[PDB]
Structures are given as structure tokens and as C-alpha cells.
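Shown here is one chain on its own, the form deposited in one PDB entry, set out as C-alpha cells.
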């Protein structure tokens, strides 16, 4: 029961990919003056201490955000994201990492809104504090999957829905698919971004098969692996599955994925790909 702590992983290569994609979608949504909703089902604490015992135990951020945030040849597509990270580390030392809600908080406009949920009794109060002074946001201690029913469609009728569970419970692999189906039924023009870990490739193949079976079209897959697939314990890769991606996203990812992979994976192992699960 909610034993997962994101602090162990905050700012690792999966977070870099996830937040790169999140930021690019937000920038696309901002192109039109009309307001939109940012809905984060599994929101986390908001920000993470990289000097914490958890972060330093794995040191995963050292192979993630650390490898790109001070690069002089940073691709333009990453500027919005990296500028948020720099805002939280103005000393130039890498000490704090902004989670999805804070990236959203700093990229959204005055007219936009945020709806965030987190169940963990350490992380929810921290998330609440991050948004006490920002009336654009609503933060609730409740099941994120339920929000795909309760909060869609938004009155603004525009939005990004980030679904980023920890997959501590293996039912998550089914729940993300059923949850997307329910949300899509209520709000078919929404942009849905689903993060997934590759611990067992067969789990992911089954998940993608289930997603195809919903009949939903226009499904883009973006994956970055630091190691080839393995049956061993660890996560060798992660990806973003994006439903209704903005028209530029595929090209933007083709522009930045090789650079990202070269920086995050100096040994050149694994892969990085963008492809359609379901076209048109």
C-alpha cells in the first residue's frame, strides 16, 4: 500500500523523457489563446530534494537531469523544461528537481488551470503547500484514476491529462488502459500522456494490445531505453504513450531524441524511438 517513493527516482532518465514530452505538449497547447486544463492523476510531492538520502542512495538523477541541464548545445525543444529546472536551482548546484506539477505550474498561463491528485500521506501535504498560493490549481487527496471520470471533460474543453502511476500494484497496467478509455469517452479531443516503465517487456506489449483494443486512434509512442530488454530485476527503459499528440510532437521528438539519448546514455546502449501505435 503506497510504499513507492518518487524521491528515489526523481530526475532520472525516465523523468527527463517524461517532462520533456510534458513540456512540449504544454507549449503546443499555449499556442492558442483559449484556456486549457492540466490534469495530473498521480501528481507526487511537487518537488524533490536530490540531496536527500533517497536520491543519493540510487544516485539516479546523476545519470538523468544532471547530464543535460548545463549543456551548452541544448536543443531548443528542451529550453522551456530546462529553464524550469534552473529556476529551482539558481545557485547552479543541482539540489532540487521539479515534478510534473511544478513544471506545469511554471509553464501554464494565468487563464489555465491545474487539477492534481496524490494519495500518499507524506506527498499530498507537500503538494498542497506548493499550490496554497496559486488559485489556478485544485489539489485533492484521492484516487487519480477516478479523476478521469470526475474531472473530464473540462469546461474549457482543452487539456493535457498526464497519467503517471508508479506501477507498484500490477493492476496499474490494466487500470491505465481502462482509465484512458473512460476519460476518452468523456473527452475525446483531450491530449492523454501515459508514462510507462519497461521492467518486463511482455507487460508493456500486453498493455499496448489492450490499448489498441479500445479502438482509440492517433496513438504515438516515444521510448528511451538505456539498456536492452532484460528479464533481470531493473527498469531498462521507459516511454510516453500520447493520444491526440499535437501535430509538431513527432517531429520535435525526432529532433531531440538522438541528442537526449547521446547525453543520457554515453555508452550508446539501448535505443530511442518514436512511432505510431495507431495511426491517423
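Shifts are known only where both forms have a C-alpha. Residue numbers count along the first chain shown, from 1. Take the two forms, superpose them, and find the largest set of C-alpha atoms that agree within 1.5 Å; that set is the rigid core.
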{"item": "Per the entry, higher mean C-alpha B factor between 110-118 and 206-214", "value": "206-214"}
{"item": "Between 29-37 and 219-227 (mean CA B-factor, as deposited), the higher", "value": "29-37"}
{"item": "Given 73, 164, 123, 172, the residue at which the Cα B factor reaches its maximum", "value": "73"}
{"item": "Residue, from 64, 239, 59, 46, that the PDB entry assigns the highest Cα B-factor", "value": "59"}
{"item": "Residue 243 - Cα temperature factor, lowest/middle/highest third of chain", "value": "lowest"}
{"item": "Lowest, middle or highest third - CA B-factor, residue 86", "value": "middle"}
{"item": "Third of chain Cα B-factors occupied by residue 137", "value": "middle"}
{"item": "Third assignment of residue 201 from its chain's C-alpha B-factors", "value": "highest"}
{"item": "Relative C-alpha B-factor of residue 103, binned into the chain's lowest, middle or highest third", "value": "lowest"}
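There is another form of the same protein, the form deposited in another entry; it is not shown, and what comes next is about it.
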query: Entry of 63, 56, 27, 212 that shows, once the rigid core is matched between the shown form and the other one, a C-alpha shift of 2 Å or more; finding: 56
query: CA of residue 80, rigid core aligned, shift of 2 Å or more between the shown form and the other one; finding: no
query: Rigid core fit then residue 110 CA moved by 2 Å or more between the shown form and the other one; finding: no
query: Threshold 2 Å Cα movement between the shown form and the other one at residue 134, rigid core reference; finding: no
query: Distance direction in the other form for the C-alpha atoms of residue 55 and residue 229, relative to the displayed form (3 angstroms or more); finding: farther
query: Outcome for the Cα pair residue 169, residue 140 in the other form, compared with this form (closer or farther; change of 3 Å or more); finding: farther
query: Segments displaced between the shown form and the other one (3 or more residues, each Cα shift of 2 Å or more, core-superposed); finding: 2-6, 51-58, 168-170
